[PDB]
Amino acid sequence: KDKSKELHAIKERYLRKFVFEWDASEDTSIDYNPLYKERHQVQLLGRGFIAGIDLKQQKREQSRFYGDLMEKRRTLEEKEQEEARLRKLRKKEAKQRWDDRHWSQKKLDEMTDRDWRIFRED
Amino acid sequence: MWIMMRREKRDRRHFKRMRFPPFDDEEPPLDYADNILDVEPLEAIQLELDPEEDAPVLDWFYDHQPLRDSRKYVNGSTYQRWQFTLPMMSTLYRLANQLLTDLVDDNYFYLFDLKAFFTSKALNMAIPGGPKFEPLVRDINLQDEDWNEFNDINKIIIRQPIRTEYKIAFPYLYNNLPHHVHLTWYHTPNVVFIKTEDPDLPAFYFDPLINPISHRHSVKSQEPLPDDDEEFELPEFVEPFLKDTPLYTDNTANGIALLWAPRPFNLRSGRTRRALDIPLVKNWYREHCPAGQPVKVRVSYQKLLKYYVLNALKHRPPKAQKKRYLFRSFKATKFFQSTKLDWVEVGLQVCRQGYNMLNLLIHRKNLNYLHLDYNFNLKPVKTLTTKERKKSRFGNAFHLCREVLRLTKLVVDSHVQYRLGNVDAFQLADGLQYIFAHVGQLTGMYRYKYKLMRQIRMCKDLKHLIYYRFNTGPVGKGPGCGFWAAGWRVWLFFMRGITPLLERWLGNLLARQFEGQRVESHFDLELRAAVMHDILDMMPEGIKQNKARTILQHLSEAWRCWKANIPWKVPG
Amino acid sequence: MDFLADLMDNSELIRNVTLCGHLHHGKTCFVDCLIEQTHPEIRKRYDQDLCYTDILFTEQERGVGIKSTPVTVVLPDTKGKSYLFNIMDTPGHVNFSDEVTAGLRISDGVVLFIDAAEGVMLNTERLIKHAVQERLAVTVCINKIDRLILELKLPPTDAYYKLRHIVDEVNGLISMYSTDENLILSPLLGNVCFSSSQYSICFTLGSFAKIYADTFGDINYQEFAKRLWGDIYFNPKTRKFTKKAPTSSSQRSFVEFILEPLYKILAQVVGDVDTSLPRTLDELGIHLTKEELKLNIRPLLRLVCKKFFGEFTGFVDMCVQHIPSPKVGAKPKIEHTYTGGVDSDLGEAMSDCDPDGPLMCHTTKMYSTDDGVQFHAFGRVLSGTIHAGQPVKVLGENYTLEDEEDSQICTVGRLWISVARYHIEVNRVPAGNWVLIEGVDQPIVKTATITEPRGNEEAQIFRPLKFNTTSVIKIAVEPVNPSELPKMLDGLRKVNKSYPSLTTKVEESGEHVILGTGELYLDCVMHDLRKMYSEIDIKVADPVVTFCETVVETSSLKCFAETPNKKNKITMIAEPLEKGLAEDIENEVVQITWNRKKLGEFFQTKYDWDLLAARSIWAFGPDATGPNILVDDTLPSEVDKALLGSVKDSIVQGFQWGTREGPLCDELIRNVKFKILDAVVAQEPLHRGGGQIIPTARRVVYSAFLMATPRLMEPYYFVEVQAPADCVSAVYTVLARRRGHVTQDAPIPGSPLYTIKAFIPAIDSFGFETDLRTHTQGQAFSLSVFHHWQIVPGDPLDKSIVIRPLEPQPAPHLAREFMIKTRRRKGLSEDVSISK
RNA sequence: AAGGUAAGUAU
RNA sequence: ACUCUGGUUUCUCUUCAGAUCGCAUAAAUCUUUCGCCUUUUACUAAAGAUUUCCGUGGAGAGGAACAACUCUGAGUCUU
Ligand SMILES: O=P(O)(O)O[C@H]1[C@@H](OP(=O)(O)O)[C@@H](OP(=O)(O)O)[C@@H](OP(=O)(O)O)[C@@H](OP(=O)(O)O)[C@H]1OP(=O)(O)O
């Protein structure tokens, strides 16, 4: 199918009602070239992230190429510092998740005002 | 706010979206003397700033017009020309990492920048991720040229098809007639910036990302160096220039990372902007659409890019003016007074005043069979007869004013509901976002202005840009997103344009004095009038007025004699 | 102002340098810094760069240097000796390498700009090789030092390691091209300078030692600079420089005294403006006003580095010491450039660079005016002075002492000394300078020699400009309205005058083909043609590459051709050449003008040709250094050698013409050796005329080449890409898609970027740069240069192969297709007429 | 938003 | 190491605006090309020229906070 798409592109080159929605036919991001369809997203050295999208999900969608490169090039001494930083950040985020958890994981006596109003609003 | 709202949507699995309209149609607007004045507000959306890291900005981060009275950072009460220090700029830059893409150079915008889109519009094609436009010049006859010996396909070697991007990267080489075309920046050098991931590490560090230099000793590097430690000796007062100064402070890494920062965060000082003039999500659709996204959000991306390109292209420098200021000449006259009021109180006052004005306009001809409720819905008080239905007609301008006052009433009522305590601050933000994303559904003001649809389709588009950035992680779809800046500014930009129309329609309506195929039937009538006026002016008509009509008769017959192709020679 | 004019008389106080380097390495920004230093009223804006030499509208929009720009300015030295510098700001893009050569011929010195982060790149290697070929002095400037500090955040020891690796790699590159040992580089020798033109930093070891000696006093800045690089350490216990580290972690002299203060000043400026910057500026003696501390980080850093470092005296002293003046640097230039050699009387006079000698200019550039209707020649005066409004004799590339046809007398109008944006009108320009000559544009096409009329009649021309790479991209250009055909031709003429490597040729069918090096080069050429020269609508055909023709087998039968006089018979055979021999001819390793005894010894040694057979070599084709060799192998007892030598010249011209116009698709012929096996020449002198032999020689060449197995040759470009380590796989995928194979993928030492070097078909390289940058989302960038001709797969004479229009043919169908369409583009017949 | 007013006598 | 050097903020008025007035972006009218066409009032969407509107900079002027000392450079700046 896609092989005939290239030839069709070559041939084509040479030879009342209110619509709140935008029609899907208006889409321009349609390509036959595999290079222009599955583009290589910017890794940003494994330390940059696209705006808006949450960092936690972006970390698990990473290509892991730079993570493997770091764990390969790093010596033991500099590996320990990164391991300690990762452990500290993991513990901080674990504490944050423990404090910010659903009311199903808390007893009635230990409920806070925010969790109380969350339960009431349900 | 973006960080906080995703926290209050991820945890709040079921979100109570506000009910619109907040108040009943017949309920009069709430008085600001027994309902909101005495009640205390609920908590607002405010992130818990860390006392250790976010110390420079902790004191004033959530204050209205921060640091206005600090003469060191802001010029004064006029709130212009902020001067900031590097620690605060770096702290602010970290608190905005969610809204900023970590792009170091504009090589990302290779053929996806403004010049490339101008080229594509001029050349009638379109970048895949870019917008589509009506052709600059039709040239349909010249679009399909004949099978010349020059463009002969039998003489053309095809290896890789010439894409739209190729005809944009080198516009003057790949297509004929490259008119009104723009040349894009070829290649900014790859800014190889390596941002630190741990503060507990020297600012100047050989990061593992750098490929090791690996100074080779295979060839013994030989260079002319004099006989060691025998002839040259430094004086005792000679030391490296800055030996007391440390190599790096705590702010060295953050100061370096501030250099490779987006436009607002790479400045030490600057000028104060309006909240309207700050597009927070402008760079979200300026970049490429994230992969793995549905069709509608992609089309939203191309349409937002289309509107951005059209604005940037059809832009003319502002015209010189004498700077006459409104709200300055009001208080010059003895008709206006100045005070300070809570914004909710002013909103209620303006809603009531707009209701009074629309009520005055409705009972213009002493017709009392049209009733305007407090939600700004116009309905007959009874089954009105056909003559009365005709007699109670208002133009599109009146209904447009009614619908804009309805939108203001919706906004003020949402804020009033928040102030009373009915809805949360997060609920208020989500309600404002819904109001500004669904103005067509809420008010239906597009029926009286179809061009307004351009705003409406944009407000939905922005939603697709925001929602799919918002509901991305553990947070799923739901009525919890409250990033209402984009729709709010869009409707303000509509407002600045529509204000003159409503102002001139009103001022010429409720004033004491009212004011209200000609191309082809133009020159003949004007010519006859001019000739007759000249002849009658030179005529000594004190005795020969009765010839005047006769004169026109000649002006007919001669014309007829020309139209009949017959001789015309009056002897007398 | 007047001192600048009075400084031209002394040829010793003039330096003719050209700033060459890879694309976007800071040459233009460095010239901007020099201009700002010399011109008080010219300062860059805080956000936008200055780009003083980027005068074209294309340059200010593309952001890439297109044309070389002359900048004549007076620069103080370290001591204060105000020298006169003629800087040629050359484009860094490889496609415009020819634009460098135009500025490289009239320059006595080369300043190689190297990015600190990127290091040595493709165009850098090409430029050092080429400059060494023209026997020019080479000095290196590592620009963008701040990228090691503000971008990589390397430790000062690692920054020194990166700088040492950069300098040592150029030393290992010059050794591959220069036999002279004086071409070595070292910052302590004064050869290597360090700079960051974005922040106006410019220091050598001598300049920074001079700053130290000004700060503390009683220091020999020359002796101090002699110990400010390498493994030499500083011991403060003895206050002495020791080859062994005084302590365990003693930093080197360069790291401790040079890189450490620069790192600390940049760190204070970019991180501690409010806290420690005033203190460190009082420590450094720099006083900045309250408003000058209100500027953003980058303008403040540029200002503070302007105050601390002051003038660009390190660049000046490097150029003065290691780049010869025209007076002393004329002799190698005359030897390598003048056709008559240094032994000639005119050559001997020009070797002295006498301002009172006979006039001898050498125009290498041609700059258009505002309206584009008049061109100003630009060249170096080598002997005598040129006066405004003076009749002179303008030669041409085809002029010889025997043929005064190519020389036209023209009156020199106003003369300008050209400095980027503006030009200062002058009356006379003494020898050793650069001059914009007005009024001599008409006889000049590409390169000409200007001398005086009615005197110095024994004046040959300078050698024609020799370019680094061959131009193979070909585009056919027609007017949209045929009624406007002459204007396009007129415009064509103008671009031929404005681009040194441009080649405009009218074909048999009437198509006008333009030859260029790459996509950007031809894009700029068409922009110039459409917008300023022709000002008419233009139709451009799809880009195509030029092909060559070769053989892979010996001709099956002896091919004979007889003249229309029916008295002369030539029987010839065709054989392919050995590997590298054609390249040796192209590289001018061996010339036909060599002494014949050693000329045969070359082929007897490196290729083991028979001494008698090697001595039988007649000439090379189609040019003097063309890759085709014509060898005689007639039986001595069967053909009279003396009689055969009578028509030897005619056979040589026939061979050259036949090799220049191939039979397959009317293209060049490469890597073919034609052996003359039988000659039967009419004994009468008038029956062996050239008008009959030359067409017959071409016919027999065609027959022998056709009987030998023909093959088409397509150009292969050498592409190096610098991309993040993650993007290597994407580059591999793109290259594999475009019939290209990767030869190497090496990490750049001192930077995460990897450089991937590959070979791609030239006809498959159209859009390859766009494909790579778009697929990698701009992270990968490529520069393409022609590398070598390679046999395209498939039999080109296969008549059975059917070609489908609008389909990319498979590999075995390429060689055939590449012929037929090319023939259709030339107006030739449908197939190769072997019987013809 | 409209192009959807029956007109006529009588107070 | 010295004497004089006279502020900054803010409220108004009058003008000039090249410059991203604006690191943001509306509306109206007119003229052409279109898409709906069925009549204006609304429109489809590109272009050109205008007008209005939301804002802006510079300069000058007039009041107020300011209360002024002195910042600051000018210099003989002093051992
Ligand atoms: O799926 P759709 O029917 O297209 O609904 C989408 C979208 O929902 P999806 O996320 O499922 O695309 C939004 O809802 P969320 O699920 O993102 O919360 C949004 O809803 P709100 O703006 O009201 O939150 C709005 O739905 P609607 O406007 O119908 O309520 C929008 O509709 P469109 O994409 O069709 O404009």
# chains A, B, ... in the order shown; residues from 1 in each chain; ligands from 1
>>> residues_near_ligand(ligand="ligand 1", cutoff="7 Å", atoms="only C-alpha atoms (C1' of nucleotides) and all ligand atoms", output="mmCIF file with N, CA and C atoms, in the first residue's frame")
data_model
loop_
_atom_site.group_PDB
_atom_site.id
_atom_site.type_symbol
_atom_site.label_atom_id
_atom_site.label_comp_id
_atom_site.auth_asym_id
_atom_site.auth_seq_id
_atom_site.Cartn_x
_atom_site.Cartn_y
_atom_site.Cartn_z
ATOM 1 N N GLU A 21 -16.763 21.821 15.696
ATOM 2 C CA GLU A 21 -15.657 20.906 15.483
ATOM 3 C C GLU A 21 -14.898 21.270 14.211
ATOM 4 N N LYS B 296 -8.347 15.001 16.227
ATOM 5 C CA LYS B 296 -8.914 16.311 16.526
ATOM 6 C C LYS B 296 -7.887 17.233 17.171
ATOM 7 N N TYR B 434 -14.442 26.075 31.743
ATOM 8 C CA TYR B 434 -15.590 25.588 30.985
ATOM 9 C C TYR B 434 -16.362 26.739 30.350
ATOM 10 N N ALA B 437 -14.399 27.872 27.389
ATOM 11 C CA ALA B 437 -14.289 26.868 26.342
ATOM 12 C C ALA B 437 -15.621 26.552 25.676
ATOM 13 N N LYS B 460 -12.339 26.082 21.578
ATOM 14 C CA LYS B 460 -12.315 24.625 21.590
ATOM 15 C C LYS B 460 -10.921 24.108 21.263
ATOM 16 N N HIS B 464 -8.323 21.474 23.306
ATOM 17 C CA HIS B 464 -7.635 20.267 22.864
ATOM 18 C C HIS B 464 -6.139 20.370 23.101
ATOM 19 N N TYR B 467 -6.149 20.256 27.369
ATOM 20 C CA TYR B 467 -6.663 19.047 28.007
ATOM 21 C C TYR B 467 -5.716 17.873 27.808
ATOM 22 N N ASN B 471 -4.630 16.095 30.946
ATOM 23 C CA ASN B 471 -5.038 14.718 31.216
ATOM 24 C C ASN B 471 -4.090 13.732 30.529
ATOM 25 N N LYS B 477 -9.423 11.722 31.860
ATOM 26 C CA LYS B 477 -10.434 12.653 31.400
ATOM 27 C C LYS B 477 -11.419 12.937 32.504
ATOM 28 N N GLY B 478 -11.882 14.171 32.566
ATOM 29 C CA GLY B 478 -12.839 14.564 33.571
ATOM 30 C C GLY B 478 -12.979 16.068 33.669
ATOM 31 N N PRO B 479 -13.980 16.528 34.415
ATOM 32 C CA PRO B 479 -14.256 17.972 34.515
ATOM 33 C C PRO B 479 -13.445 18.651 35.618
#
>>> closest_atom_pairs(of="chain C", to="chain A", cutoff="7 Å", atoms="only C-alpha atoms", output="CSV")
residue,atom,partner,partner_atom,distance
C:726,CA,A:65,CA,6.7
C:775,CA,A:39,CA,4.9
C:776,CA,A:40,CA,5.0
C:777,CA,A:40,CA,6.5
C:806,CA,A:10,CA,6.7
C:807,CA,A:7,CA,6.7
>>> residues_around(residues="segment 46-48 of chain E", least_positions_apart="5", cutoff="9 Å", atoms="only C-alpha atoms (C1' of nucleotides)", output="MDAnalysis selection string")
(chainID B and resid 133:137) or (chainID E and resid 31:34)
>>> closest_atom_pairs(of="chain E", to="chain A", cutoff="12 Å", atoms="only C-alpha atoms (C1' of nucleotides)", output="tab-separated table")
residue	atom	partner	partner_atom	distance
E:36	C1'	A:16	CA	10.0
E:42	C1'	A:16	CA	11.8
E:43	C1'	A:16	CA	10.7
E:44	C1'	A:18	CA	12.0
>>> write_last_selection(atoms="C-alpha atoms (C1' of nucleotides)", output="PDB file, in the first residue's frame")
ATOM      1  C1'   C E  36     -22.562  29.924  -0.296  1.00  0.00           C
ATOM      2  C1'   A E  42     -24.782  38.595   9.316  1.00  0.00           C
ATOM      3  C1'   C E  43     -21.069  35.542   6.315  1.00  0.00           C
ATOM      4  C1'   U E  44     -17.043  31.419   3.397  1.00  0.00           C
TER       5        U E  44
END
>>> closest_atom_pairs(of="chain B", to="chain E", cutoff="6 Å", atoms="only C-alpha atoms (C1' of nucleotides)", output="tab-separated table")
residue	atom	partner	partner_atom	distance
B:134	CA	E:46	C1'	5.6
B:277	CA	E:24	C1'	4.3
B:320	CA	E:17	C1'	5.6
B:493	CA	E:26	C1'	5.1
B:494	CA	E:26	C1'	5.2
B:496	CA	E:54	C1'	4.9
B:497	CA	E:27	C1'	3.8
B:498	CA	E:27	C1'	5.4
B:500	CA	E:53	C1'	6.0
>>> write_last_selection(atoms="C-alpha atoms", output="PDB file, in the first residue's frame")
ATOM      1  CA  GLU B 134      -6.236  29.495   0.507  1.00  0.00           C
ATOM      2  CA  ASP B 277      -0.518  39.935  26.404  1.00  0.00           C
ATOM      3  CA  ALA B 320       0.887  57.285  15.427  1.00  0.00           C
ATOM      4  CA  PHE B 493      -9.201  40.078  22.346  1.00  0.00           C
ATOM      5  CA  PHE B 494     -12.655  39.667  20.833  1.00  0.00           C
ATOM      6  CA  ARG B 496     -11.397  44.948  22.308  1.00  0.00           C
ATOM      7  CA  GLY B 497     -12.549  44.612  18.709  1.00  0.00           C
ATOM      8  CA  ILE B 498     -16.285  44.448  19.373  1.00  0.00           C
ATOM      9  CA  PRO B 500     -16.475  50.132  19.162  1.00  0.00           C
TER      10      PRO B 500
END
>>> closest_atom_pairs(of="chain B", to="chain D", cutoff="9 Å", atoms="only C-alpha atoms (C1' of nucleotides)", output="CSV")
residue,atom,partner,partner_atom,distance
B:386,CA,D:5,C1',6.6
B:387,CA,D:5,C1',4.8
B:388,CA,D:5,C1',8.4
B:389,CA,D:5,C1',8.9
B:390,CA,D:5,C1',6.8
B:391,CA,D:5,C1',8.6
B:393,CA,D:1,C1',7.6
B:394,CA,D:1,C1',6.5
B:395,CA,D:1,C1',4.9
B:396,CA,D:1,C1',4.9
B:397,CA,D:1,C1',8.5
B:399,CA,D:1,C1',8.1
B:447,CA,D:1,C1',8.7
B:448,CA,D:1,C1',6.9
>>> select_by_dssp(residues="chain A", states="helix (DSSP H, G or I)", output="PyMOL selection string")
chain A and resi 2-14+24-26+34-37+44-46+55-60+65-73+76-99+103-105+113-121
>>> atom_distance(atom1="atom CA of residue 4 of chain B", atom2="atom CA of residue 253 of chain B")
27.4 Å
>>> closest_atom_pairs(of="chain C", to="chain B", cutoff="6 Å", atoms="only C-alpha atoms", output="Markdown table")
| residue | atom | partner | partner_atom | distance |
| --- | --- | --- | --- | --- |
| C:61 | CA | B:183 | CA | 5.8 |
| C:62 | CA | B:185 | CA | 4.5 |
| C:63 | CA | B:185 | CA | 5.5 |
| C:150 | CA | B:256 | CA | 6.0 |
| C:151 | CA | B:193 | CA | 4.4 |
| C:152 | CA | B:193 | CA | 5.9 |
| C:153 | CA | B:204 | CA | 4.6 |
| C:154 | CA | B:206 | CA | 5.2 |
| C:155 | CA | B:204 | CA | 5.2 |
| C:239 | CA | B:234 | CA | 5.2 |
| C:240 | CA | B:233 | CA | 4.8 |
| C:241 | CA | B:229 | CA | 5.1 |
| C:242 | CA | B:229 | CA | 5.0 |
| C:243 | CA | B:228 | CA | 5.9 |
| C:257 | CA | B:240 | CA | 5.2 |
| C:261 | CA | B:242 | CA | 5.7 |
| C:264 | CA | B:247 | CA | 5.2 |
| C:267 | CA | B:252 | CA | 5.9 |
| C:270 | CA | B:255 | CA | 5.4 |
| C:271 | CA | B:255 | CA | 4.2 |
| C:296 | CA | B:268 | CA | 5.2 |
| C:523 | CA | B:173 | CA | 4.6 |
| C:526 | CA | B:172 | CA | 5.9 |
| C:527 | CA | B:172 | CA | 5.6 |
| C:539 | CA | B:176 | CA | 5.0 |
| C:749 | CA | B:213 | CA | 4.5 |
| C:750 | CA | B:213 | CA | 5.0 |
| C:751 | CA | B:210 | CA | 4.7 |
| C:752 | CA | B:210 | CA | 4.4 |
| C:767 | CA | B:166 | CA | 5.9 |
| C:777 | CA | B:108 | CA | 5.5 |
| C:778 | CA | B:107 | CA | 4.9 |
| C:808 | CA | B:159 | CA | 5.1 |
| C:821 | CA | B:155 | CA | 4.7 |
| C:824 | CA | B:155 | CA | 5.7 |
| C:825 | CA | B:155 | CA | 5.7 |
>>> write_last_selection(atoms="N, CA, C and O atoms", output="compact mmCIF listing (two decimals), in the first residue's frame")
# COMPACT_ATOMS: atom_id res chain seq x y z
N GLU C 61 19.16 36.69 5.79
CA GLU C 61 17.98 35.85 5.92
C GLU C 61 18.31 34.38 6.12
O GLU C 61 17.69 33.72 6.95
N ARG C 62 19.27 33.85 5.36
CA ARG C 62 19.69 32.47 5.55
C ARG C 62 20.54 32.29 6.80
O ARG C 62 20.58 31.19 7.36
N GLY C 63 21.21 33.35 7.25
CA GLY C 63 22.11 33.24 8.37
C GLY C 63 23.43 32.57 8.05
O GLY C 63 24.20 32.28 8.98
N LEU C 150 30.21 27.85 29.44
CA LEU C 150 28.79 28.11 29.62
C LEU C 150 27.89 27.04 29.03
O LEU C 150 26.68 27.06 29.30
N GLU C 151 28.42 26.11 28.24
CA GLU C 151 27.62 25.06 27.63
C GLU C 151 27.99 23.68 28.16
O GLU C 151 27.13 22.97 28.69
N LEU C 152 29.25 23.28 28.04
CA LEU C 152 29.67 21.97 28.52
C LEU C 152 29.97 21.95 30.01
O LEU C 152 29.92 20.88 30.62
N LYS C 153 30.29 23.10 30.60
CA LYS C 153 30.68 23.20 32.01
C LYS C 153 31.83 22.24 32.33
O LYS C 153 31.86 21.61 33.38
N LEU C 154 32.78 22.14 31.40
CA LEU C 154 33.92 21.28 31.61
C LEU C 154 34.82 21.85 32.71
O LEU C 154 34.90 23.06 32.89
N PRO C 155 35.48 20.98 33.48
CA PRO C 155 36.49 21.47 34.41
C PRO C 155 37.64 22.11 33.65
O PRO C 155 37.93 21.73 32.49
N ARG C 239 58.38 29.93 43.26
CA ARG C 239 57.88 30.90 42.28
C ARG C 239 58.45 30.64 40.90
O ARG C 239 58.81 31.57 40.16
N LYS C 240 58.54 29.37 40.53
CA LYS C 240 59.26 28.98 39.33
C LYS C 240 58.48 27.91 38.58
O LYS C 240 57.67 27.18 39.16
N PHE C 241 58.72 27.83 37.27
CA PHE C 241 58.00 26.91 36.40
C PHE C 241 58.79 25.61 36.27
O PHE C 241 59.93 25.63 35.80
N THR C 242 58.18 24.50 36.67
CA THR C 242 58.84 23.21 36.73
C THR C 242 58.11 22.21 35.83
O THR C 242 56.87 22.21 35.78
N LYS C 243 58.87 21.37 35.14
CA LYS C 243 58.28 20.32 34.32
C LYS C 243 57.60 19.23 35.14
O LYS C 243 56.88 18.41 34.56
N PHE C 257 46.85 29.76 35.28
CA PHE C 257 47.04 31.18 35.03
C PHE C 257 46.10 31.75 33.98
O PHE C 257 45.87 32.97 33.98
N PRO C 261 41.40 32.02 35.66
CA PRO C 261 40.79 33.37 35.74
C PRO C 261 39.62 33.56 34.79
O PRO C 261 38.65 34.23 35.15
N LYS C 264 36.61 31.83 36.23
CA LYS C 264 36.07 32.52 37.39
C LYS C 264 35.37 33.82 37.00
O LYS C 264 34.31 34.13 37.55
N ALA C 267 32.06 32.83 35.48
CA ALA C 267 31.15 32.34 36.51
C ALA C 267 30.59 33.48 37.34
O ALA C 267 29.39 33.51 37.64
N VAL C 270 28.03 35.46 35.10
CA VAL C 270 26.78 34.77 34.76
C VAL C 270 26.02 34.25 35.97
O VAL C 270 24.87 33.83 35.82
N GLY C 271 26.63 34.25 37.16
CA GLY C 271 25.93 33.72 38.31
C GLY C 271 25.80 34.65 39.50
O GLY C 271 24.87 34.51 40.30
N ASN C 296 21.44 42.60 30.75
CA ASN C 296 21.28 41.16 30.89
C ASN C 296 22.65 40.48 30.92
O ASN C 296 23.69 41.10 30.73
N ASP C 523 20.50 27.17 -4.88
CA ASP C 523 19.39 27.99 -4.41
C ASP C 523 19.79 29.46 -4.38
O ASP C 523 19.04 30.33 -4.84
N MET C 526 20.10 30.78 -8.04
CA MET C 526 18.81 31.11 -8.64
C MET C 526 18.17 32.33 -7.98
O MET C 526 17.50 33.11 -8.65
N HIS C 527 18.36 32.50 -6.67
CA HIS C 527 17.86 33.72 -6.04
C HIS C 527 18.52 34.96 -6.64
O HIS C 527 17.84 35.94 -6.96
N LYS C 539 11.85 29.40 -15.12
CA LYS C 539 11.51 28.00 -14.89
C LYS C 539 12.79 27.21 -14.67
O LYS C 539 13.75 27.34 -15.45
N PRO C 749 35.38 13.91 20.76
CA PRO C 749 35.99 13.99 22.09
C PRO C 749 35.76 15.36 22.71
O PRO C 749 36.05 16.39 22.10
N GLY C 750 35.21 15.36 23.92
CA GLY C 750 34.89 16.60 24.60
C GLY C 750 33.50 17.13 24.32
O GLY C 750 33.25 18.31 24.59
N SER C 751 32.60 16.31 23.79
CA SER C 751 31.23 16.73 23.50
C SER C 751 30.39 15.49 23.30
O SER C 751 30.87 14.50 22.75
N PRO C 752 29.12 15.50 23.74
CA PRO C 752 28.27 14.32 23.54
C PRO C 752 27.94 14.03 22.09
O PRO C 752 27.50 12.92 21.78
N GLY C 767 17.61 16.79 -1.07
CA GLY C 767 16.71 16.68 0.05
C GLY C 767 17.22 15.82 1.19
O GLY C 767 16.52 15.68 2.20
N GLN C 777 14.24 15.98 13.85
CA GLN C 777 13.66 17.18 14.46
C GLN C 777 14.71 18.25 14.70
O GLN C 777 14.72 18.93 15.73
N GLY C 778 15.62 18.41 13.74
CA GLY C 778 16.61 19.47 13.77
C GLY C 778 17.85 19.18 14.58
O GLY C 778 18.77 20.02 14.59
N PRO C 808 11.06 5.38 -9.63
CA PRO C 808 12.47 5.16 -9.30
C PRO C 808 12.90 3.74 -9.67
O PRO C 808 12.44 2.77 -9.06
N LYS C 821 17.62 9.14 -20.30
CA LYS C 821 17.06 10.44 -19.98
C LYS C 821 18.09 11.54 -20.19
O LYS C 821 17.78 12.59 -20.77
N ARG C 824 18.13 12.25 -23.68
CA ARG C 824 16.95 13.05 -23.99
C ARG C 824 17.12 14.49 -23.53
O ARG C 824 16.60 15.41 -24.16
N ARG C 825 17.86 14.70 -22.43
CA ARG C 825 18.11 16.06 -21.97
C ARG C 825 19.13 16.77 -22.85
O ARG C 825 19.13 18.01 -22.90
>>> residues_around(residues="residue 5 of chain E", least_positions_apart="4", cutoff="12 Å", atoms="only C-alpha atoms (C1' of nucleotides)", output="list in words")
residues 70, 71, 72, 73, 74 and 75 of chain E
>>> closest_atom_pairs(of="chain B", to="chain A", cutoff="7 Å", atoms="only C-alpha atoms", output="CSV")
residue,atom,partner,partner_atom,distance
B:11,CA,A:102,CA,6.5
B:12,CA,A:118,CA,6.6
B:14,CA,A:122,CA,6.1
B:98,CA,A:51,CA,5.2
B:99,CA,A:51,CA,4.9
B:100,CA,A:51,CA,4.9
B:101,CA,A:51,CA,4.4
B:102,CA,A:48,CA,5.0
B:128,CA,A:29,CA,4.1
B:129,CA,A:29,CA,4.9
B:130,CA,A:28,CA,7.0
B:161,CA,A:10,CA,6.0
B:208,CA,A:73,CA,6.1
B:209,CA,A:70,CA,7.0
B:295,CA,A:24,CA,6.4
B:296,CA,A:24,CA,6.6
B:299,CA,A:27,CA,5.2
B:457,CA,A:20,CA,5.5
B:469,CA,A:52,CA,5.0
B:470,CA,A:52,CA,6.6
B:472,CA,A:53,CA,6.2
B:473,CA,A:57,CA,5.5
>>> closest_residue(among="E:1, E:50, E:38, E:61", to="residue 78 of chain E", atoms="only C-alpha atoms (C1' of nucleotides)")
E:1
>>> residues_around(residues="residue 13 of chain E", least_positions_apart="3", cutoff="12 Å", atoms="only C-alpha atoms (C1' of nucleotides)", output="MDAnalysis selection string")
(chainID B and resid 322:325 328:329 332) or (chainID E and resid 60:63)
>>> residues_around(residues="segment 645-657 of chain C", least_positions_apart="6", cutoff="8 Å", atoms="only C-alpha atoms (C1' of nucleotides)", output="MDAnalysis selection string")
chainID C and resid 618:623 630 681 688 690 693:698 701
